[PDB]
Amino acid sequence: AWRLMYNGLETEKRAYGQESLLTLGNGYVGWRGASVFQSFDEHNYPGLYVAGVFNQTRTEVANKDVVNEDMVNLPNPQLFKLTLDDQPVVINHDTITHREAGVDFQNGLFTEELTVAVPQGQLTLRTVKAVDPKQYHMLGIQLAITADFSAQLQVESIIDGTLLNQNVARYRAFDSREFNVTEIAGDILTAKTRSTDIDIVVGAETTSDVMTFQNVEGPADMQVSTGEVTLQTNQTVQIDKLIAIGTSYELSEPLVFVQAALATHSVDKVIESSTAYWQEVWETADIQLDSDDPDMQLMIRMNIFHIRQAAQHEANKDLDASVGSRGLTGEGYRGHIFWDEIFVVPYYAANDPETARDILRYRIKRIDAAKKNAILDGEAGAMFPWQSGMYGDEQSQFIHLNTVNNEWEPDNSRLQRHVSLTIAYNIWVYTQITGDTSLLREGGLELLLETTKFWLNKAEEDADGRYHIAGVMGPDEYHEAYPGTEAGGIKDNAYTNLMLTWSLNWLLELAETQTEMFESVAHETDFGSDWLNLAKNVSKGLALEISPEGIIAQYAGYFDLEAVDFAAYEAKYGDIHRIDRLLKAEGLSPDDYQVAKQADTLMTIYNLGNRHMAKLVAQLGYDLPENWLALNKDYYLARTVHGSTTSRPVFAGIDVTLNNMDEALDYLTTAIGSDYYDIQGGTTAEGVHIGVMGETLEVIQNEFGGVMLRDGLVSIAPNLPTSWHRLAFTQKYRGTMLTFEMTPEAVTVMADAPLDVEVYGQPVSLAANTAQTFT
């Protein structure tokens, strides 16, 4: 219910994947659930990451310099090496006779218990790891050692500054050294990133009731403290290691900070702080589901836990950082920031709104970098990059080495320009749910106006008054260009044009509802009446293509692409969720075919819902049949291979609307278990998938649970599966707490302040702390 537990040893990427899911974090660090006795090898990967701490490398590949910006794996502070009567204790898959490891979500504690066969007999090694969510620079290790014999035990407690970034196998071809160790002094190892000028300080103190540790000269780039104790048969020795982490990215004097931090804390305080923090969290953040699936309650809490470890206000208030696609759990996609934010910002807005505000500051601080990005590509306004890191410049690659013929081709990935509309959308959701218009005032409105300048300058009006947005890609990554051209991008992606229409509507509403802030920010950004009039015209004239049967074309010309025999590919190759690579191996181009990686046109429904999407299409002057949602869901589901973890939950939510409850529950269950079950093997080896974690909570709470907050009012219309006997959770709306209890036939809602809501479309006045039930 509350504990993620693993029994027995695992190997290679399956072992890496467990370490990812056993990661602890507090918004400032993420700390992989690797065994403290191991270093990077085929079955183990220690990893420690700090929010916003990146390094840039340069690797020569085929007469060309490839520059990569890597989230840094910090010097490893948890490494323990054991010695029995001056013989190294070998701890590996050949000597470990029992292993269990887990994280207790109730208190945030990782535990590992090992039994190890050594010449003299048996060694029991039990580890507790914890991160302090309040003194968030502090980490803690508790190690209990018991032998069924007596020997001299030496303990070496190490900060290992010799490691590289090696988590992702396909990245190992690149230069993987991210820092130089600059000094080791007493308890403290200092390092500096090679190209980004960040001082990294890692200090530790190792203590014990029955032994003393002393700092000694270790191998190069390793800080070492060592102690010695006589083990008595069956008598446990307990060792604490307190760790402090600081960098010059967030601190002006990280060395002094870490020295003072080690002198003023303890492992016991770390554990008690973690315990008290999570106990508080769960009083309102639990999402209780009594269903016929025995694993689903654990997976829900594992989602909440990892999302809240990825960012939490008590740390992120002091940080310049957002949530990467794998949080701080691994090196998959180098810790870059993606439009994946769209899957967690609404969660934070509804449940932990100050953390949402912290994460949105990351993009607002990078508005100027997005304006530079625009200018570099010959655009105007603010163009946010597809991949963002330290500086806010584009960190996707611009060119790609073709494996067949050793020659450089364009990389088109950055042409998913819709990421800018994700950012505006996340600020909208934040503002709608919290009512905190100070974020709009402190850069949010400037972001909307500058990104609008980008889209409005890119729009092309044709002879008939229709506006077109060309040269872009939508969320379906399989379509990067039209057939028969190397020019990147396609025209009039429906998702992009519809989200652009939404953002123009919001701009025009803010000009009326926030007039003084709008006129002030419009003056500073030169958003004059010429820009404002263009916004009005474009909001009415953007182009869509709709078939006579009512299908919205994914982009202009999509209906002329060729059909894929999916069943044939499934029979030949088995699994077609990477059909783009299957087609390319056959010399074919995915650009030529009606095949989708994930929701693209239907992504609009995830973001805005079907009613809002219908209003936008109508606003543009197009006529949809009344059953357009079923028709379009059927059409695109028949073409989608779910090459992304975030594809299935979009369809699941639509299926709830369509009352297709079995397929909705199947798709949710498949998606929510993707990291946990690891049927394919090693799926989470490079980090957990944070996006699918927030996206499956969305299906539970906002689709099945039927609670929406973004449309100017709390709207409650649950549609539970018959096997969901009880669903319960809370929400925060403009400072008011709501509590929900649903069964398949009723919903009870209570607010701690007066609130006018809608229940199944009907107006309802809630009185403070007076529940009402609707059946």
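Note that residue numbering follows the sequence shown and begins at 1.
- Relative to its counterpart among 470-478 and 569-577, 569-577 has the higher mean temperature factor, C-alpha atoms as listed in the PDB entry.
- Of the two segments examined, 737-745 and 31-39, it is 737-745 that shows the higher average Cα temperature factor in the deposited entry.
- Highest CA B-factor among the listed residues (341, 626, 394, 695): 626.
- Comparing the C-alpha B-factors of 75, 528, 108, 330 in the entry, the top value falls on 528.
- For residue 176, the recorded CA B-factor ranks within the middle third of the chain. Only modelled residues enter the ranking.
- Residue 25: CA B factor lies in the lowest third for its chain, per the PDB record.
- For residue 732, the recorded CA B-factor ranks within the lowest third of the chain. Only modelled residues enter the ranking.
- Split the chain's modelled residues into thirds by C-alpha temperature factor. Residue 348 is in the lowest one.
- When the CA B factors of the chain's modelled residues are split into thirds, the value for residue 720 lands in the middle one.
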